[PDB]
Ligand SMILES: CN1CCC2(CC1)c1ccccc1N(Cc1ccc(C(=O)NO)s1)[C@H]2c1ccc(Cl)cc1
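The chain that follows stands alone, in the form deposited without the ligand, written as structure tokens.
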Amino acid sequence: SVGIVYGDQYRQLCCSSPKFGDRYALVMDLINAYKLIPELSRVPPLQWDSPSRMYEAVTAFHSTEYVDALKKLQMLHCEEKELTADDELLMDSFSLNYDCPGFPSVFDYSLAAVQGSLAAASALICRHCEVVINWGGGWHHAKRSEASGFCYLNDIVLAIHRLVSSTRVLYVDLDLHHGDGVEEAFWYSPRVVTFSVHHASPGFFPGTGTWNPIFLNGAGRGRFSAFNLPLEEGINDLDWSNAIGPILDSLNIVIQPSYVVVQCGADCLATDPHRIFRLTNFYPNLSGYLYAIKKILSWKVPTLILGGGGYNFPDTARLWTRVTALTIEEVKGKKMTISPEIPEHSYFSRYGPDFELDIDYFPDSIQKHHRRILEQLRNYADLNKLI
């Protein structure tokens, strides 16, 4: 089956943050509006037996002190008094500031994504599902003891850790931004191969995933196991597809992963406020995203599909609705017919004034990168005695 993470409480928490507002509600209600929910197996977010069990789960990656600080940030934001100078210094020491502010639900919001993606991983491990989707997850920037890029807890790292502790995982990061937190977590780990394609340029967040000059690619027994493809602004569906397709296929052939984890941040869409890449959600009766997901699913490897960035909420819903339909089609072999017109539902008016499923958009260095990545993959196979 195809699983999808949702729940009443989960929805409320995923909609409680200042940055992402009600995006998750638009996403799930558009999926529902197109009658996809009956095709899908609801995966309930993970809940724990005790505080100690929750802390044990989260501090598989994060430090206890950071988890403590994040919980304290929530408490402090639930009372009306300003932070003390000492508490400001504490939060600053974990980068719980500026891009990663406190708010009254910051811990519950952050934890919910972890609950969803851990449950998604268990559903794959027990083979209840061949693919699980979590549009509430995908927070790839969070580090062991540092919030970053509005990522407070790295649900992806925790999900991948659960998978490898059940084995090789291929992590594919389609976000506009470099997947630095996940890459770092598994920097010394050859069994989790990470691959991020992203924009990179001087001063662009977060700065990594590019010439450092040479490309760093892991360390210790993890050498050659972190792959990166930085791309210049303006790339369209076809050029992005041609850039990553051979990489994806070669990584699957050489690594033979037991699981694939895909981060599908929607901020590469031409209509995202970043206005960096020119990807679409187009699906001829072709979106770079849909090209990549269809390719990954053709491998028939259990797959976790996560969200991430995406700051045009209706267009992110438009993309992830199509990704969800495509996953149903590829996994179940069942035709999905999505009307070109947005169906009437609670958020119908957010898709105006045209109310189409298509987003409103009219559409050498890469060869160098491919040679470099092929060599690195050769080096990775040699180091790990792969055939």
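Residue indices: 1-based, along the sequence shown.
Quick note: we don't show the form solved in complex with the ligand, though the next part is all about it.
Contact with the ligand in the deposited complex, defined as a heavy atom within 4.5 Å, holds for exactly one of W187, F224, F282, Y291, namely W187. Put simply, of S241, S105, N252, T208 only one has a heavy atom within 4.5 Å of the ligand in the deposited complex, and it is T208.
Stretch 175-183 is the answer when you ask which of 243-251, 85-93, 70-78, 175-183 has residues with heavy atoms within 4.5 Å of the ligand in the deposited complex. When the ligand is considered in the deposited complex, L216 lines it closely, a heavy atom lying within 4.5 Å. The ligand in the deposited complex comes within 4.5 Å of a heavy atom belonging to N228.
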